[PDB]
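Remarks on the overall topology
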Amino acid sequence: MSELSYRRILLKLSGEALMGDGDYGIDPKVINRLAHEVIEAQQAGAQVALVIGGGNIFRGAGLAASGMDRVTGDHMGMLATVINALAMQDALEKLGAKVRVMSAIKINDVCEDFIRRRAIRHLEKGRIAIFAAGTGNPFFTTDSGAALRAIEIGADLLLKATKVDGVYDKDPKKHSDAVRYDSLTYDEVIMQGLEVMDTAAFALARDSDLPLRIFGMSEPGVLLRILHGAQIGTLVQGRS
Amino acid sequence: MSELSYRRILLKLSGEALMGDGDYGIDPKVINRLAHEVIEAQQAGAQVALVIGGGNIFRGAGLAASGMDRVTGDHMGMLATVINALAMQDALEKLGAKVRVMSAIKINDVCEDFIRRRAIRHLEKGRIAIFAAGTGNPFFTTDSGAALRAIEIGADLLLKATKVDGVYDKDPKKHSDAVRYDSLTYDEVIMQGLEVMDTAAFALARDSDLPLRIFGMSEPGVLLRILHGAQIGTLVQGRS
Amino acid sequence: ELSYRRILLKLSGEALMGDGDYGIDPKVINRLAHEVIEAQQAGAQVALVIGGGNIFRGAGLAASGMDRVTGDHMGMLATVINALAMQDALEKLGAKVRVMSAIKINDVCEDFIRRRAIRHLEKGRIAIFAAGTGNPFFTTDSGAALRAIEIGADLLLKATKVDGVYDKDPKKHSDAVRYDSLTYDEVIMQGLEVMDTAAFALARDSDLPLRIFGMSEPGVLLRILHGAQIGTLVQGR
Amino acid sequence: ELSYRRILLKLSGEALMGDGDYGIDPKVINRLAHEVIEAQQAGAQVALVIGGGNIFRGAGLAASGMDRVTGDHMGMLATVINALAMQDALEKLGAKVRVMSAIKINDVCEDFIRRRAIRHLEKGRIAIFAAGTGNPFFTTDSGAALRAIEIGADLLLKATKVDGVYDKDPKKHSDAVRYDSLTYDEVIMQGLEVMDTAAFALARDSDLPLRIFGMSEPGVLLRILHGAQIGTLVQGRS
Amino acid sequence: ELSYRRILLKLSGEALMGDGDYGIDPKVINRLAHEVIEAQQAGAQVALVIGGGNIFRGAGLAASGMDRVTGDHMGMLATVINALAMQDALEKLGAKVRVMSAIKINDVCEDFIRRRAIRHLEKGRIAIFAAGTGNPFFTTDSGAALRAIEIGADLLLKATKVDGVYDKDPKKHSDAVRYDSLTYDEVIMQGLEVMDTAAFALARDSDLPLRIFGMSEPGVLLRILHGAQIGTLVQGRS
Amino acid sequence: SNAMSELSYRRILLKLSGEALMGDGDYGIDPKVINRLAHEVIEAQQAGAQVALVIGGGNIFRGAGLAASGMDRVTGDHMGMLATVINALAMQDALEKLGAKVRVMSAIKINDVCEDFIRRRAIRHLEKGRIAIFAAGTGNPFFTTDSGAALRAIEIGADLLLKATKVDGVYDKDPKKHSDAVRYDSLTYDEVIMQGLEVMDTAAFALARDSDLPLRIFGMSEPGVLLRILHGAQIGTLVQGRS
């Protein structure tokens, strides 16, 4: 047996999640903190895939300008995720972890291209899979790419780490009586206009019935606990 | 002043030149002024190639970690260099300029691979060439990529834009009687222990008989004056 | 003059099939190519996206005990064949054609490059896109919407069996009425079917004007370009 | 135990259609998967090549006023679609497979690299080659011959409608007999049609042993591996 | 005026060596460059294929008994070096040239793409093809034929050591008879050697006109373009 | 072979000029020379060394027709890079003939012909006991074979770059012109630059200096020398360290 309720998982973060208290880039304490959480999880036996957005890098008036071409912007954003994946990889490897970064667009000798069968193979070998450049196409979000990769690797759980720990009744940072759901249907999310991922991202996850755990990673040990089946955050799953 | 003293030029800038007063990224007003200067040069009949570093993006304790794997850092810098090239391409195109971004490492639909023959014909067609990612090799400096590309395109002049306007025999910011050199031999630079460019890049430039102008972009029209033979900053040329 | 300068038209692929139960019907593709040249010759810039349902067919090819990803690839592959067929058909009529693909294949089809695709269009070349998005779990609709956004299309046209968007069920109901035009939010409220959720959000977010219609008689496309009201027009916040 | 260590089995595309007239008949492909898995289970390192005629069919696709490079390109893709189908059939029965294409198509299958292909066979993986030679104007048989030679196969098997090479048409002239064994030169002199000229020249120049046979009844493959004289064996210099 | 508008000229690599034992003789390669540019200026669209035997030679390189895939790869690489030298010589004389290879090699030589190749030819550039077919076990002649057919050449010219196809060795026998014209079928019937079997079949199945000839003296290539009957013409049926 | 206890260098890169392969001939590869070299490399590996190889292209890119005095240097560097791929292929073949596992990795992509260089993959081949053969230098014109060798050595974490030359080591003065000339056992990177000693071209030497790559300049004068160096023998000249 395994001691995990979930064996193969894709954990998705914002690029800012790396930023800590700074205004750009990566806080080393934070990334190192996160590397430890991740290695703890795989050591418990979990097969771990990581997806990290690029908003800590592709940001500011000059880079993420409203007057920049959108495709141009999305490419810059993709390139940013590659840069974050490289940093995550290094932080992990310094801890003795085995890591493979795969991008949705080919970049020679900096990382490997995503090949579904190979990704799976790295995972079945206990390597951490880090996915960059999302879908490889502009006009698609990091969530889209996370969802795509979770389905392709046959992940049992997509975890999306957010500022808010769960999908609430109604935005807690503006309402102190907001009630977080323990679990929800894909259809109940739509029915009530809850915001969870962008439309396209959510439709993709919904179409394969990807179990979707929304939560806040604002405390050490939270991941392992979730892998041991802890009902932390909100589980989105199933029809209605 | 119609006729050019220099017909095909390669201009090299640090990434932090794009940053302006900020502490990361790109200041849209700075990149606009840069674009304006480049177009001015091109409209006077110069064939212009650009190389811009990545230090405005690959920065901070978490990205340019003081103890990270060097290959990983260099790869990160290379990707930063592509992000800057895309933003340079955008600013130029908004001004009516024709531009082609070529990279030492190919990345589909974001930048073509460098091909010497195609680069040269882009210039003959009046297109501005932007080179990203250096030599494509870690352990090589942006200066090295600049010298290599200059030689490969047969540039008549390699220009390195620095904060300080030329090479000083002291250092004009923290010293009263600093003296600027007008023109120096490659050998005079070394003999006088002057710090102009890393040993490998400097040697490449030297062996290829490439005139090198170190200068500050201190006011509008400097580039154009240099193209008309003006003696701004310092010329490194010849030997002994 | 022209109501739409640059358009992308997406076909299902069985649209190539004709009365046949398989592959392609030569007479129905010549007619198809005839309409396309007509529109370009009228000064329009044309991009084509065709599905692979005519080739990716049957219990053996399209099964359900099949790895979805590999079925998706078989579909992409099958869109590249159709593209080559159309390309051949258009070129025999002296039209200039460039097939570009989400997945690159040497000396069969070009890789997709936004700036290059557009410069082909501007040069009067017909652009055929294959393999959609390049990702499994994504429809031909998504692929078409993406490319049309990428090339700054003025209109995405989507040929279907049924001309226009339903009020009821054109095929057993009798009294039905096609909406002339619609809003993206009107389609979403009334729960009408236009494209799949993902493709449709992608279109909306870029306010891609989309015309759902049926190509029956020779001229329909050309008329639409001169401005008409054939089928349904989905647009606006 | 094995009369052949490493084999390449070549099938035409229509072998897949079965009773239908395009695509793949699921029953017919399944039977094939089983025979292949039996061969590999017996200790044989197996490679396969399947043509595209079952998919690149019809007056619309495989025309005759068409560009030849185009139609060859259409056939090449069709061989990849067949390879993918065969791949999933083999995997649904517990086999390790690797699809390798003469033309690069990322994320759908591997590029053919000879050294890698061999490395695969010796892991017990079955190799499936698509897109033939990668070049137009070359036959599926040429692709099969070239790959059989590159991997150092002991046997190229070619499954066909007729269970061997005959002195005459056995569907039109009973009394026609099957050769048990011909040399390459025997074939050339008797004007016997086996493979197209180029493909046969390729095989002859490397003395590739050739088995022409039919796969009508189950166990043929295993029988051949143990040493049965099924079909016609072509090899040697006259 | 012009009897052939699009041609492919095939040479062996030794043709660039001159009297040397290896590599390239600069005087010899400069004469061939003129000879090529002369054709181009006459209005001919000219493609070139040059073998590698001037480079891939000696017991160390062309090791009679080394892995054949390996030595064919070493051969393909040699053709690329020659292509680069031919290109340099040609451009030095003011010509526009494009080297295309069956094997992609970045910033050295383009991927071969049929439509692009014709377009280059249409714009007045000389097309140099290297690396043959891209497959081991195929000859330089095979790659020449495939290329000539892919680009729609009206003539494939094979420069060889004797000026045509002969009854017997003309260097030992002043008695020898040269054939002006031969059919593809006569060549096979009389057992004359023109190209290897696979290459010959490839050219025959597209009825590619072949001119086997000696580049003995300057101007021969222009003359041929104007209808001169030099060496031997192979064409046609029965 | 020998015990892993005796290894003074675990991962090495050996660099040779292409002409080291020609032997007596004025072109290409002398079968006797290349077979000898494979034996030296196999013996190094059997002693537990992880061996990487870099051979230049001057045995093939030579003569007035190829290495033309007045020719475009870029196209001549390209021709030279292709020549190194050819030499690597021959080396692969000789080595595999003697039962070694080999991988050829090129700085320039050439599909089917050889693998593209990728650092992580190269390290993995080495730790799997395979010989790594690097071809095509840094992948860029205007860079010496020594530069490609230094870069590769640093990328794979070599404990030693060995550079085989005609002269076995670095001398205080030209030996053939100074019966007095003496051969340094070891030098610092700074002593080299200070005395104007010639070890590599400037760019290659700065790459190696900046990573402090240990450099052993030596002559492969008689068989067994490589293996002796691997067990700590003081042969040729060690360049390492600072000040």
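Residues numbered from 1 in each chain as written, not as in the entry; some residues may be left out. Chains lettered and ligands numbered in written order. Heavy atoms only, no water.

This part is about the interface of chain B and chain A. With 30 residues of chain B at the interface, the matching set in chain A holds 32 residues. For the pair chain B and chain A, the summed buried area comes to about 2600 Å², and 74% of that belongs to carbon and sulfur atoms. A per-residue breakdown of the area chain B buries against chain A is headed by B:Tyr24, B:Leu79 and B:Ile83, which together make up 22% of the total. Taken together, the links from chain B to chain A amount to zero salt bridges. Across the contact surface, chain B and chain A share five residue pairs in polar contact. In terms of residues, the side of chain B that touches chain A owes the most to one element, helix α2 (residues 70–93) of chain B, which gives 10 residues. (Contact = heavy atoms within 4.5 Å. Buried area = accessible area lost by both parts, 1.4 Å probe. Salt bridge = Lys/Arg side-chain N within 4 Å of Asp/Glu carboxyl O. Polar contact = N/O pair within 3.5 Å; in protein donor to acceptor, adjacent residues only side chain to side chain. Helix = DSSP H or I, 4+ residues; strand = E, 2+ residues; numbered from the N terminus.)

Residues and elements named next belong to chain E. Extensive coverage of strand β2 (residues 45–50) is indicated by the burial of six of its six residues. Alternating positions in β2 separate into two faces, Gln-45, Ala-47 and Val-49 on one and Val-46, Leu-48 and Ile-50 on the other, with burial throughout. Here strand β1 (residues 6–11) pairs with β2 via six bridges, running parallel. Bridge pairing in β2 places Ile-7 opposite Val-46. Note that the unit made of β1, helix α1 (residues 26–41) and β2 has a crossover that is right-handed. (Buried < 20%, exposed > 50% of the residue type's maximum accessible area, 1.4 Å probe, protein only. Pairing = 2+ DSSP bridges. Right-handed = clockwise from strand over helix to strand, strands pointing away.)

On to the UniProt feature "binding site: UMP" in chain D. Residues and elements named next belong to chain D. Mapped onto the present numbering, the UniProt feature "binding site: UMP" falls at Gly-52, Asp-72, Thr-133, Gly-134, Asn-135, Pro-136, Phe-137, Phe-138, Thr-139 and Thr-140. Its location among the elements puts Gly-52 in the loop between β2 (45–50) and α2 (58–61). By relative accessible area, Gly-52 is classed as buried at 10%. Within the element layout of this structure, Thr-140 appears in helix α5 (residues 140–150). On the accessibility criterion, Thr-140 (27% relative accessible area) is partly exposed. Ignoring anything within four residues of it in the chain, the contact list for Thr-140 reads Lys-10, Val-49 and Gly-51. (UniProt positions renumbered as here; feature names shortened; annotations may be inferred.)

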